[PDB]
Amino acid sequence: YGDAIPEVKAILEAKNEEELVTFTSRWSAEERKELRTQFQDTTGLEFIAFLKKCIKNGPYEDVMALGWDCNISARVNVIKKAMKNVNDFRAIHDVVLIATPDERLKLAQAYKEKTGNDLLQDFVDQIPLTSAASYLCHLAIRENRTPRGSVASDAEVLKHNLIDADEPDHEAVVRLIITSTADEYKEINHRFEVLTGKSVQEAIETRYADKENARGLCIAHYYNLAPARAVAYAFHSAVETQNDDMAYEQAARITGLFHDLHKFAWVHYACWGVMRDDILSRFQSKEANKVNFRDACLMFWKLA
């Protein structure tokens, strides 16, 4: 790290976003953490804040700042930003839906240590229970997965609420999905497809006109099938977003949080296209804070 510290300090001082990408590519998660520690010991500067001070704000900065951090710290930062003003359910969902029970516990602990408040209590105070999106937030952190031995009837509950009913029972749908074991859910999913001739994704996206709602339910659904499939869907949802500010914001977060943990998202993305090719095609902005995002994104996903 002795040579690498002055190397990256100089890259940052030059605002050389291109070289920052290639520099970052050299290091494992364990090495990034060690490098930040030594960087601060040697230079007196906390690495992430210095990176943000040097690199102009936007999605390129976001992907780098999230990607260089420890994953749980990154998640805490994302939740706080998401809840500061109008709740950004897309960001909260990414954090709490794409999470093992242990990741959930570690997030709760880190969030309490950082903010002095329990995550669940902040959800209680700041997220009224109305929409599917709101129920996903609360139930994701409250409820565990347990077998029910009712695969046929659970598939019927999904058909009834997603397709047949005048209005879905949002809480019942969220509870069903969030509390399903992976084994039972694979079976529920198949039975739903047989019963309806539709994918669960299609049924959700047809029913829920609010994009945050539809997206969050699809993430929870896909997580049950495979964690990296939820990540692939979320990435797809970013790619197909017409508004560049939003598409790049979402892609930066998803990449920063999940590029290592869910490295095989590209396997599941193949449903929609070749992930490498779509990153290249989609992220072509000339805006200064976006121009180098594509290359950062490819690097973090090992698709360069």
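Numbers follow the displayed sequence, beginning with 1.
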244 to 252 set against 266 to 274, stretch whose average Cα temperature factor tops the other in the entry: 266 to 274
Of 41 to 49 and 232 to 240, the stretch whose C-alpha atoms average the higher B-factor in the entry: 41 to 49
Which of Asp94, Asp118, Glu184, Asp125 ranks first by CA B-factor in the deposited coordinates: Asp118
Deposited CA B-factor, highest of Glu143, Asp88, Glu171, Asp154: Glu143
Modelled-residue ranking by C-alpha temperature factor, third containing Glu13: highest
Where the record places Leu280 (Cα B-factor, split into thirds across the chain): highest
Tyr208, C-alpha B-factor rank within chain (lowest, middle or highest third): middle
Chain third (lowest, middle, highest) by recorded CA B-factor, residue given as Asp62: lowest
Third of the chain's Cα B-factor distribution that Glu19 belongs to, per the entry: middle
